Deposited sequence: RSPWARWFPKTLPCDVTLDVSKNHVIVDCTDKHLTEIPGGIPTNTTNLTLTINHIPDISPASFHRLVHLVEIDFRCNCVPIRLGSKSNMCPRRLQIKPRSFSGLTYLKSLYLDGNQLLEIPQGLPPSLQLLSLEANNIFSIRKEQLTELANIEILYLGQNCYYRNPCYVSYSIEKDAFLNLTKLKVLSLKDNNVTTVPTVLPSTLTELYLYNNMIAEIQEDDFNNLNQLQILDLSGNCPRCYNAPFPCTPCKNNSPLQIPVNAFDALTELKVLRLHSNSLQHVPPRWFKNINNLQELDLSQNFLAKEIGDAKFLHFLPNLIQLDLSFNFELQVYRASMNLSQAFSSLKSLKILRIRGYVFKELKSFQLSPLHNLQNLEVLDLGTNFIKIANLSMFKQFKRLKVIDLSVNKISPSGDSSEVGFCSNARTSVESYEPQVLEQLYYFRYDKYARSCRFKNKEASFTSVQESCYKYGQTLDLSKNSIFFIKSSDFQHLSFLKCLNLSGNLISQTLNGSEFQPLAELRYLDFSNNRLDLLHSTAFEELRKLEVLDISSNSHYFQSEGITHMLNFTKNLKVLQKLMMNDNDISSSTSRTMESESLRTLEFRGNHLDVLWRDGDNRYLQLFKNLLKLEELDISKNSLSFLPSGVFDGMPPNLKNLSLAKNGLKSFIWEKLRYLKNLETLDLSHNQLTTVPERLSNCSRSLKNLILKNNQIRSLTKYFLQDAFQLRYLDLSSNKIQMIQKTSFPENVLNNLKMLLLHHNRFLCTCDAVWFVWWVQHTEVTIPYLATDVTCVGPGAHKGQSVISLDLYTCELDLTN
């Protein structure tokens, strides 16, 4: 950070630099500002003020800031229902005239979420991007668009919908956008639009008309858009069954009415989204002149019958992605899957998703139309309530990256809300997985209670198997997964593993990662034999996760591995296994010879009995003891951890630091003490601690730091030093620290905002960075 020494440390904003674009970026996101801060550098190019309470903008706002290419002034007055009900914006944002017209270089302007009533005027002709989402602008008129000749990108959505209502239909003047001769992207989503606006500039590449009241498309509506690549008409005549938002369908179960010739102009179309349009038929004719369609979304329609027919697919040999999820006929539970022969035409297909078709049995041959699709990578059949499926059918799908049968009822990545989101592409005010192991079979959240070898016959190619969230209550003995000779990752979390036998999992001879987290069930009942020593047999295991198992007893006293590097053991009861006076489990982790990372956070350890560190394995580097309620800690015992580099002690009740950190651990690089009860440092704390790089003392109760505790020869090595949310006393005794804080180049986050005096007197609440201690 030598380039940053020119800028003031008092600025409550994060400053960064894109060298080679000569951009100075300044980020004042969510800093509780009522004024643009004075201090913003003259050379600032990208300025972000989103999530603040600046009530107006004037020519004074940006007078000095002549180099601005981008202003992000979003969410300073968000509509009532979109916003905080504690911090309700009293009055819309006021933009006085001539506020932007002076910015010759302004390429991007964001004014979303400010309750604006009309399109801001006075905008410079250099402007390429204008964003006005989540305002109250519901009438577009040619008169208002006169200064936007150079505009390429226009975002006008979310100005009239259930969360920001305008109480009328959206109005666009005939030809409103036609004279914007460089317009590439236009978004009119979530707006109560009733007809496609015409005529649109032929230069458009992307048009978003989704979530509106458009009941019909005219054959003329997209006539001239011969450069269009993305069209989204989704959510016009929506499918409302289980919608998690208020939802009015078109009268009489009617689909969005699209004439057969309506897409004929669209020769460049790559992407077509017709999600939630209540479609019953997909006429093949639609696609006659679209030869390069790559992505097609037909989810949330009523296309169950069509999936069995689907003549349209013969016209899509370059399609990469096809989504037909959630097309089930209400109240019907089909016996089986009827996939059309036509799916065999989809020669370029990489991703097929057919969630929510809703059927009882998947027979091997019902996916045969896909067997010869050479490029198919993902087949998603989740959320189908499938009860029966012979998994061996996926031998015909070795070439796939992912076979997803998540959320079904089988017995012997996309975001969680996705197909049922109102607008999954919506912008927040804040901003603008084992697949890498190879072939993956995802059986998570099914009803598998018992597994046996024969279940995985013909699946020896699998690299990752996800059995998370089944019902498996079995004493695994090393015979259940015998065919999975190539398996590298197994997720067995959220089952009810019964570790009676130490031969469990031994047959997975290439296993690298095993997750048996959240199998607490048998660990919670007394008198049950549990063998934690099963690790010995897994000869290439690197990572073992056994979190949230409530482990408080083990019949074996040692875990052993020649290979394991990482062990997550959080949310167990090491406090019970290491009860004071009981030596038996002090060497629990000692024979994990290659162990470098150990997480024993959330284990309810008020104290560590002696023996614990001596019993750690010799290569331990990363140790977490976070969130244990620790109240004391013999720092001297760190001498036993000769390779320790990171010690996470956050979120405990430690009241002291070691007298001499260098006499405790020569190797220690990162020490994390945040959220403890430390009231003072020790006199020579960091002395001679040359190896230290990172030190978090944030969220403690520290009053004073003196120079002897914090020698410069150490501090100037620190990559980072965190000191915020402490109880700093700002008397003349604190003068070294106050001065040092003001002048050091050591990185201290939240320095301007949250390193604050608690006293005395009128110093309360005042940043230490701004403090003038002229009498000391």
message = Comparing the deposited sequence with the modelled residues, which stretches have no C-alpha coordinates?
response = 1, 414-436, 457-467, 812-817
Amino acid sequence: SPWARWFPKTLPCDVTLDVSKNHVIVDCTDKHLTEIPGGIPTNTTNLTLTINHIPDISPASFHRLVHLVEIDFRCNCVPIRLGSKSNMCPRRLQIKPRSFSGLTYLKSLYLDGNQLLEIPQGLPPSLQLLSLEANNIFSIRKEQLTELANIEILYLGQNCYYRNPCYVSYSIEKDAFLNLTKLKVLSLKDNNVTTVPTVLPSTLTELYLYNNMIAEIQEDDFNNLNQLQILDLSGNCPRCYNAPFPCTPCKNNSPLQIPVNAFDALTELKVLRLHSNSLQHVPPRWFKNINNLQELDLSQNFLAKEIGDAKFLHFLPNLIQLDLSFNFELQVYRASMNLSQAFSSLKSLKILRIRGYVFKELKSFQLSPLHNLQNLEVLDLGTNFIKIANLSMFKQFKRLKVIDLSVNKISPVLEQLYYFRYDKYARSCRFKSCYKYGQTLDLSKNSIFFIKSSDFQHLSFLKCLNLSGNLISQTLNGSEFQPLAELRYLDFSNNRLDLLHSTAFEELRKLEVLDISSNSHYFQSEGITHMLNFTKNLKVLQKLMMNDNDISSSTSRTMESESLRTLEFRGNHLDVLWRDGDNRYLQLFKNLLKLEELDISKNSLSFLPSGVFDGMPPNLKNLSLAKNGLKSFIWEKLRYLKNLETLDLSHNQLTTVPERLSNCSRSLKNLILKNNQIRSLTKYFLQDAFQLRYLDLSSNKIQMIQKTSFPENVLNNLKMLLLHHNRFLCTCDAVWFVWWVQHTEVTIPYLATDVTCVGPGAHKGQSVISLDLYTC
From here on, numbers count along this sequence of modelled residues.
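Whichever C-alpha set is largest while still superposing within 1.5 Å between the two forms counts as the rigid core.
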query = Which is farther from the shown form in 4 other deposited structures of this protein in C-alpha RMS with the core fitted, 76-84 or 608-616?
reply = 76-84
ask   = Core-aligned, which moves more in 4 other deposited structures of this protein: 36-44 or 57-65, by CA RMS?
value = 36-44
request  = Can you check if, in at least a third of the other PDB entries compared, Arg430 has no modelled coordinates?
outcome  = yes
message = Tell me which stretch has the larger mean Cα B-factor in this entry, 94-102 or 132-140.
response = 94-102
Comparing 674-682 with 519-527, the one whose average Cα B-factor in the PDB entry is higher = 674-682
ask   = Highest Cα B-factor in the PDB entry belongs to which of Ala626, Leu367, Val78, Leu577?
value = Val78
request  = Could you tell me which one of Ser606, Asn603, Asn114, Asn622 shows the highest CA temperature factor in the PDB record?
outcome  = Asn622
message = Ranking the modelled residues of this chain by C-alpha B-factor as given in the entry, is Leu228 in the lowest, middle or highest third?
response = middle
query = Against its chain's modelled residues, does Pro197's Cα B factor rank lowest, middle or highest third?
reply = middle
task = State the tercile, meaning the lowest, middle or highest third, of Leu65 with respect to the CA B-factors recorded for its chain.
result = highest
key: Chain-wide C-alpha B factor ranking for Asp599, given as lowest, middle or highest third   = lowest
note = Split the chain's modelled residues into thirds by Cα B-factor; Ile748 lands in the middle
